[PDB]
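2 protein chains.
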Amino acid sequence: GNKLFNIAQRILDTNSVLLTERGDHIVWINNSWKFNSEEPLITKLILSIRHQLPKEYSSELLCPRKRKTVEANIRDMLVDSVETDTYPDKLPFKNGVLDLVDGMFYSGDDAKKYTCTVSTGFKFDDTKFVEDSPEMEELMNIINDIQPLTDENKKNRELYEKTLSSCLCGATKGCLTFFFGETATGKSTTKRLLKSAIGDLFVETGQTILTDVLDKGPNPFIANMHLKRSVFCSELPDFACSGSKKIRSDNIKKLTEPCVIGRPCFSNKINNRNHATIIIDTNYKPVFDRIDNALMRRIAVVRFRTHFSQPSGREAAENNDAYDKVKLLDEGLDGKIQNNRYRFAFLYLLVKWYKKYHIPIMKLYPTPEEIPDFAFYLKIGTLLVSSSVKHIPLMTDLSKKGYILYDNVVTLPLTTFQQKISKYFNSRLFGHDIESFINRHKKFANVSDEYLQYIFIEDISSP
Amino acid sequence: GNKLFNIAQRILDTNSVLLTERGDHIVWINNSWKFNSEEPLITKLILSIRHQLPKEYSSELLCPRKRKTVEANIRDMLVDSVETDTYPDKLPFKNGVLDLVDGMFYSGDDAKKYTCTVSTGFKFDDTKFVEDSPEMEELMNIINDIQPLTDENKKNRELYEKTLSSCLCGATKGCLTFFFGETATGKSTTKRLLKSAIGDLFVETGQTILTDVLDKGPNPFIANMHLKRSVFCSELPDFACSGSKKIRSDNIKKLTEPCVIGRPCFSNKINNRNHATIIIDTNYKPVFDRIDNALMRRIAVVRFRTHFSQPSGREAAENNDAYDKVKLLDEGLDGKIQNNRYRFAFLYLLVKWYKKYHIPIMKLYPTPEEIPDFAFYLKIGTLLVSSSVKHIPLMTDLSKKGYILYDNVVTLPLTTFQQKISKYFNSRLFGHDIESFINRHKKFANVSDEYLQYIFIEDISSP
DNA sequence: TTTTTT
Ligand SMILES: Nc1ncnc2c1ncn2[C@@H]1O[C@H](COP(=O)(O)OP(=O)(O)OP(=O)(O)O)[C@@H](O)[C@H]1O
Ligand SMILES: Nc1ncnc2c1ncn2[C@@H]1O[C@H](COP(=O)(O)OP(=O)(O)OP(=O)(O)O)[C@@H](O)[C@H]1O
Ligand SMILES: [Mg+2]
Ligand SMILES: [Mg+2]
């Protein structure tokens, strides 16, 4: 047969070009998988791999028309599709893949077996990926300044390290984290360090993903989150001001699912794979429209309690309760960070933290006791018990306290209930929470019959 | 005699390429029908079929331009169109078609007679399609944990295993299903299991198809469900909060018809075939704009009452009325599900359930008792009976009860209606319903004359 | 208004 078909067959035999389910062709060039929806990178591969072919086939690949013919043959012979990005414990670079389990770096065919379509965007360097380096001690000093290693801050520092370490994993995560602190506290420095550590796997979007409907019309903000591993949203408005849009809880529930529904402009694709940890940098406590048990299990908070002040205003910052330590700031730090001085030391520290927590299994846990707005419900869980058959026999005491056995179940009137809950809740500050909770569980037998099926745990105890 | 014309004729004589009603070209490659509007599948078929042609014809198909010429001839010889997807009880795979009546698996020409344009996307394997296997024993434990085999849960469990097995049929279903339950009850685990079981026949869309207008401009969220067999909408918000939009009562009526009007981007096709079971998983019960009899015959509800909790929060879970049992959570189940460990066992269980409920005939029925919003409309039909001619002779007794004859019809004026209706419904909870009802059925004989055409059943029985 | 469409 003709030599062009033989060249196409030999190229296909190396498995350097593949077709995905989304309809795009990926090519293995320069030790990386690359694709482009508007430029057919196939011809680049044809020109690049001309050296591996024998001598009599190299000369005919210098003409663009024969390259077009070979690309047409390859497109004809390529029929079926394959799946991509199935290994959550591999970190891809521009010249290889790093294994997070043991720490070796793989290049060439060894890295080809893990079909990763995303990368940091820069080459990995072994010389700078060391522990004993002049930059490392300085980075450790900076980090110990931001998060001191004290017995009081141990628990917060653990969440800090775990949340930062989770950015290397390519799996769905069921919790999003808030970075809370005052001004000049080090939150943006941490953001820029993470950006300079992970490169193109990092992205930041607007706040419209938390207050607006996601699936109405085109929405590039949701679409750009596909296959990313870290998403930052920062500088939320103060909700105390009038006209502020409160955070939608259903958006929070949707953002923790493995697939997110959204559509970019001029597109028909509506599914996006969610691999990104979500970090919200803020200065004020969040406010939600509706609070329920489903929302409280997807929220975590990390505190920042160190101030970096000019010498002129130091004496003022020492009189504030929002700070636990005041230190002079360095003016040249931001320029050093912008030049990627601490890229590989921070990456090495992130991998070292990855071994500590996520090797058995990757999991994030909520911290519902850090939000004041969640206080009302939490202690409600420790004060009331739903009515049951076991409470019927002891009615002798409950009728003494004012309970009524109505339809063979122990019951308490709303009017009888409200003062009883008023003795343990400050009616002035929790005025709205009490009327909120009473109305979603009222039970009315008749126009004049009112009752609620709950029993206090203190009354159930034997006196 | 043109050689390429002869090749085109021999290719066409094998019935390997067909033209559909929508203007698409379907090609039989690798024991499956495939079609795509952007890729040249005809050239792929021409290249693939060259081994069946005699040796003096095979060498001519190695040149792409000759393949384009044969493609042009084939396009010229296709003048008549055919119907597709007419067998509802056949499950298509990537390498064959499975019969749901007897259980046989067909491949090759035997499967070609069923013109199926969709597939699960993965190959069938009879080795793992067995009943005795460790994965089946594991899977039955999860299934029993989510839906216990107890007497109180029997009817709900049967409905649960009917709705899931309904997803293997390619017909139109006349009801919508709501998966209602509190958080951490396994609602999403069954969704993941069904996705892994059915592959490409599964689709998840947004909430706009229940709230917005489906026929204004392009709408991929409604046009991506053509010929699908399972559609999921997830996490609708709570409607108690201000600003939340309610569910269009007329939208769910269009989702039941065999044809749905919708348009993709850059497309003129406006007709979509309805073959999908529509499931919405929820944490709050839905609220509709308008309630009528046509609405109440299209809604079904399945309950989830088992809670999976960490050991820290077990004590609270036992004190919640929304749960019936609490079991320890498994942290490694999601990774196993994502790895398609329980794919073929769940497929076998779905087929076994399908043989139990749908072999005679396939139909779904509503459960209007579950929704509390309907409780008023359901009750009125049992308390009021429409006036009839046969009630005229009995009005001698009805005179003492306050009934008045108007236009030779038994009538009851508005003023005496309210205290009669107050003997069953409380004013506070049902005020908006009876106000709307009275305004929508009030009739006036004059400026000061009022009457209603209903009589109470309790009033035709002598007290 | 703007994606839509050209
Ligand atoms: N370890 C450190 N030693 C000295 N200066 C530091 C150190 N870490 C950060 N700084 C400096 O302190 C300042 C803190 O600014 P930064 O943007 O990080 O704070 P922030 O709390 O995130 O601010 P904002 O929320 O108002 O944007 C910067 O000038 C930064 O360069
Ligand atoms: N049979 C089981 N045994 C142990 N753990 C289980 C079992 N079934 C499910 N789980 C676990 O329960 C956890 C919570 O379940 P799941 O997320 O499906 O609940 P849900 O009610 O659908 O939640 P939501 O609607 O809030 O997303 C999961 O991590 C899952 O692994
Ligand atoms: Mg900052
Ligand atoms: Mg769920």
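Here the protein sequences come in this chain order: C and B. PDB author numbering applies: residue 323 is where the first sequence begins, and numbers increase by one. PDB author numbering applies: residue 323 is where the second sequence begins, and numbers increase by one. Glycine included, each C-beta is placed from N, C-alpha and C at the ideal position.
Please name the residue or residues paired with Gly503 of chain B in a DSSP beta bridge.
-> B:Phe626
Got a sec: does ligand 4 put a non-hydrogen atom nearer than 7 Å to the Cβ of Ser510 of chain B?
-> For ligand 4, at least one heavy atom lies less than 7 Å from the Cβ of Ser510 of chain B.
Would you say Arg750 of chain B reaches chain C, if we count a Cβ-Cβ gap shorter than 8 Å as a contact?
-> yes
In the DSSP assignment, what residue or residues form a beta bridge with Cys581 of chain B?
-> B:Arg595
Inter-residue Cα distance where the pair is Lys649 of chain B and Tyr687 of chain C | 19 Å
Since I believe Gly584 of chain C is in contact with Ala545 of chain C (beta carbons under 8 Å), could you give me their beta-carbon distance rounded to a whole number of angstroms?
-> The Cβ separation is near 5 Å, so the contact holds.
Residues, ordered as in the chain, of the segment 370-387 of chain B that lie near chain C by beta-carbon distance below 8 Å | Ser370, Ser381, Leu384, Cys385 and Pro386
8 Å Cβ cutoff met for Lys434 of chain C and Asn417 of chain C | The Cβ atoms of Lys434 of chain C and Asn417 of chain C do not sit closer than 8 Å to each other.
What do you reckon, is the C-beta of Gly657 of chain C under 7 Å from a heavy atom of ligand 1?
-> no
For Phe446 of chain B, the three-state DSSP class (helix, strand or coil) | coil
State yes or no: is the C-beta of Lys677 of chain B nearer than 7 Å to some heavy atom of ligand 2?
-> no
Identity of the residue in B:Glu361, B:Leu341, B:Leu461 and B:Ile569 nearest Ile659 of chain B by Cα = Of the listed residues, the one whose Cα sits closest to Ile659 of chain B is B:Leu461.
By the 10 Å Cβ neighbour count, where 16 or more other Cβ atoms means buried, how is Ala767 of chain B classified, buried or exposed?
-> With fewer than 16 other CB atoms across the displayed protein chains lying within 10 angstroms of its CB, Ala767 of chain B is exposed.
Taking any Cβ of chain C, which residues in the segment 417-439 of chain B have a Cβ under 9 Å from it, in chain order?
-> none
Return yes when the Cβ of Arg665 of chain B is within less than 8 Å of the Cβ of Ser571 of chain B, no when it is not.
-> no
Can we count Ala506 of chain C as close to ligand 1, meaning its CB is less than 7 Å from some heavy atom?
-> yes
Leaving out five residues on either side along the sequence, give the residues of the same chain with a beta carbon under 8 Å from the beta carbon of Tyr670 of chain C.
-> For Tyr670 of chain C, where only same-chain residues beyond five positions count, the Cβ hits under 8 Å are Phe451, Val452, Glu453 and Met458.
What in chain C is Cβ-close to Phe543 of chain B, meaning under 7 Å?
-> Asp537 and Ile592
What did DSSP end up calling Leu734 of chain B once you bin it into helix, strand or coil?
-> In this structure, DSSP gives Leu734 of chain B an extended state, which the three-state scheme calls strand.
State yes or no: is the C-beta of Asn605 of chain C nearer than 7 Å to some heavy atom of ligand 1?
-> yes
Beta-carbon proximity list for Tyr746 of chain B, same chain, < 8 Å, skipping 5 on both sides = Excluding positions up to five away in sequence, the list reads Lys701 and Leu705.
Quick one, are the C-beta atoms of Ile600 of chain C and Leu577 of chain C less than 8 Å apart?
-> yes
Going by other Cβ atoms of all chains shown within 10 Å of its Cβ, with 16 needed for buried, is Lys685 of chain C buried or exposed?
-> exposed
Same chain only: Cβ atoms within 8 Å of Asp614 of chain C, ignoring 5 sequence neighbours per side | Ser571
Closest by C-alpha distance to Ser354 of chain B, when choosing among B:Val553, B:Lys742 and B:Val419 | Out of B:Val553, B:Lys742 and B:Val419, B:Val419 has the C-alpha closest to the C-alpha of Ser354 of chain B.
Using three-state DSSP, classify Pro414 of chain C as helix, strand or coil.
-> Looking at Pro414 of chain C - three-state DSSP - the assignment turns out to be strand.
Counting Cβ pairs closer than 8 Å, one from the segment 581-595 of chain C and one from the segment 474-487 of chain B, do we hit at least three?
-> no
Report yes if the C-beta of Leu558 of chain B is less than 7 Å from at least one heavy atom of ligand 2; otherwise report no.
-> Checking the Cβ of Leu558 of chain B against ligand 2 gives no.
Consult DSSP for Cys563 of chain C and reduce its assignment to one of helix, strand or coil.
-> It is coil, neither helix nor strand.
Contact check, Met618 of chain B vs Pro694 of chain B, beta carbons under 8 Å | no
Establish whether the CB of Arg585 of chain C and some CB of chain B are separated by less than 8 Å.
-> yes
How about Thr342 of chain B and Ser441 of chain B: do their beta carbons lie closer than 8 Å?
-> no
How do the segment 375-390 of chain C and the segment 337-351 of chain C stand: do at least 3 beta-carbon pairs fall below 8 Å, yes or no?
-> no
Pairwise C-alpha distance: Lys538 of chain C and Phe524 of chain C = The straight-line gap from Cα to Cα measures roughly 26 Å.
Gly703 of chain B Cβ short of 7 Å to ligand 2 heavy atom set = no
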